[PDB]
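The structure appears below as structure tokens.
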Amino acid sequence: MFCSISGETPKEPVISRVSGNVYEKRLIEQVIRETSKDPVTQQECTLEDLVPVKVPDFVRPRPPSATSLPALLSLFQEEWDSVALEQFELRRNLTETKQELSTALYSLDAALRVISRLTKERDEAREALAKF
Amino acid sequence: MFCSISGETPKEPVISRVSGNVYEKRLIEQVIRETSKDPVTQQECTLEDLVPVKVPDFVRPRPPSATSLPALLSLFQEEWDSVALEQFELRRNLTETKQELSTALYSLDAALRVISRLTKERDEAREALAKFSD
Amino acid sequence: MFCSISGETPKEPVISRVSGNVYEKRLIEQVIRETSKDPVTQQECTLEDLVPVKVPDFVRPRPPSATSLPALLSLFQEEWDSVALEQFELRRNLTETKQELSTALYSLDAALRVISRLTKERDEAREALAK
Amino acid sequence: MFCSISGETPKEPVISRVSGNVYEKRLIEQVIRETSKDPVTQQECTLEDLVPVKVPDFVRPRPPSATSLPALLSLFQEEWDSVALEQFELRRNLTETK
Amino acid sequence: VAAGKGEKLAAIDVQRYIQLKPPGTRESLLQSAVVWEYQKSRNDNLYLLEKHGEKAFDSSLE
């Protein structure tokens, strides 16, 4: 919708075959007449390499929305990858939580064994105090 | 805005060289898989015949209620039925148009026979008028 | 070919120059669009840090027998059920790890208190032994 | 699924950044040790260029079950594409017959 | 399917996810969980829609 040569929109857009770009008829024919080169990609171009618009055709269009089956299937896979991305993030969180859970698990088991051994020592010390 | 094959809006439209028309990649690829040619021109075509061009893409605005949910499956069934009914209408249109074409062609051939016969009667009638004048 | 992201076989594996790891180009590009930083090293990442690579494609199961084919909804229901179960288990993991953290806090606190008990009782016993 | 040097199935997928081709880690290492250049374009190759050891960790790999969503998704897309092709062919035939 | 629906015969699929079955067997749990997940996805999609407003609609009309 923008022409690189002049910066203005093309009234009659034309697509160059050599390099995909949208030009306007007057300026593109000027640059073709002055030389056989592409003003952007500095490559050989001709009159036939310019492609006018053949939009009309004969077939029946659709609304550009999510109400057509290619579009609707695009929304299908969008829903699917959205719930997939949610599963990805939550599974990262699950594995991180599993790692820290295991760390806390062995820390707590060691702490419980320490508590048991200590309480044994303290029962011994209480017996030693009571020996008198 | 509409792919020339189904009318679908091509998010990635292409243009050809023998006949530049807006086409969608997947459908021309499946046509090449079926027949390695272009039925539009009855000519050989390759994968490179399309050129990926730049388009702003067609924004796809969502209806009041399209947020996943069984709305999406109801739309699945509805568009199934809709494209299939379009297919039925178009097939029966084939059958009606061909039968009407055959009837019209028969009437046209009979018209040709009768115009020839009537033209011959003109020739004898004109000659009869001219020969009465003596 | 063991993809570190979900476990599913990646049809487009990629390599990283700084730290080669199995991802997919589209997903890493989308994440960089969200946050243009390296997730592991916490460093800035650009779009040119990945090198193109070729892939040999895979096969599809293509379910036959074409009978009104409504099973898609049941598979969808199963997918949301699975994600809901996994969310519940996220909740359970968080709760259990916090409970363990709290239990560890008081276990170490009790260790301190009981070691104060030990040192005082041992001092008492040794002093009375000296007496 | 085969190497370009020996032909056996490569258990360790490795590829050079400089040149895009399928190789094997042991053979490419032997080539580098013999000559410190790429055999194709005569470009330098280092250890960090190669693919490092594979890292399967925290993956819990569910086997690739047959019954799955992508098959139905692709089937529906291929169906619609074929039926739309049929609509095009017969709309052209319809305009011709009209 | 064409020989089927040549007499309309509208194909049927389950829309019974709004009845909100009262406390029962596991089916009630399944419906509640799937409805919760549908609700979360609906939240995300509609808030995403109102992030940008109707600029896309203006472009479609233009």
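Which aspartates and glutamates, on any chain, are close to E:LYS8 with Cα under 19 Å apart, when same-chain ones fewer than 8 places away are left out? Cα-Cα hits under 19 Å: B:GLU78, B:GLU79, B:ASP81, B:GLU86, B:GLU89.
Cross-link partners for C:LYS98 among the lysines, with Cα-Cα distance under 18 Å and sequence neighbours closer than 8 places in the same chain left out: A:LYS98.
The mean number of partner chain beta-carbon atoms within 10 angstrom of a residue's beta-carbon across peptide B:20-33 is 3.
Tell me which of C:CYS3, C:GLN77, C:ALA130 sits at the most positive position along the dipole axis of chain C, charges placed on C-beta atoms (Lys, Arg +1; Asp, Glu -1). My answer, from the dipole projection, is C:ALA130.
Taking a ≥ b ≥ c as the square roots of the eigenvalues of the Cα gyration tensor of segment A:41-119, is the shape rounded (a/c under 1.5), prolate (a/b larger than b/c) or oblate? It is oblate, given that a/c is not under 1.5 and a/b is not larger than b/c. Averaged over peptide A:118-129, the number of partner chain Cβ atoms lying within 10 Å of each residue's Cβ comes to 5.
Computed from backbone phi, the HN-Hα couplings of segment B:28-33 come to 5, 4, 5, 5, 4, 4 Hz, rounded to whole numbers (Karplus: 6.51 cos²θ - 1.76 cosθ + 1.60, θ = phi - 60°; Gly and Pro given as x).
Roughly what % of Cα-Cα distances in chain D sit above 23 Å, to the whole percent?
Of all Cα-Cα pairs in chain D, 58 percent lie more than 23 Å apart.
Restricting the calculation to Cα atoms, chain E shows an Rg/Rh of 1.22 when the hydrodynamic-style radius is the Kirkwood one.
Segment B:32-80 and segment C:63-105 have Cα centres separated by 33 Å.
The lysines within cross-link reach of C:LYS131, meaning a Cα-to-Cα straight distance under 26 Å and a gap of 8 or more places when in the same chain, are A:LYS120, A:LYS131, C:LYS120. The mean number of Cβ atoms from other chains found within 10 Å of a Cβ in peptide C:55-68 is 3, as a whole number.
Residues whose amide H lies under 5 Å from that of B:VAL14, counting only those 5 or more places away or on a different chain, are B:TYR23; hydrogens are built 1.01 Å from N in the peptide plane.
When peptides C:94-104, D:18-28 are sorted by average Cβ neighbour count within 10 Å, with the highest value leading, the order is D:18-28, C:94-104.
Pairs to check: A:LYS11/B:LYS25; B:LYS25/C:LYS54; A:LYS54/B:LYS11; B:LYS25/C:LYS37; C:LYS54/E:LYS40. Give those whose C-alpha atoms are more than 29 Å from each other in this structure.
Among A:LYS11/B:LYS25; B:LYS25/C:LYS54; A:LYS54/B:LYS11; B:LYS25/C:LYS37; C:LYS54/E:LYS40, the Cα-Cα distance tops 29 Å for B:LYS25/C:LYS37; C:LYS54/E:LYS40.
Shown in residue order for segment E:24-30 are the 3J(HN,Hα) couplings computed by the Karplus curve 6.51 cos²θ - 1.76 cosθ + 1.60 at θ = phi - 60°: x, 8, 4, 4, 4, 5, 4 Hz (x for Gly and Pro).
Just so you know, all these numbers are worked out from the coordinates, no wet-lab data involved. Every residue, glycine among them, receives a Cβ derived from its backbone with ideal geometry; neighbour counts consider all protein chains shown.
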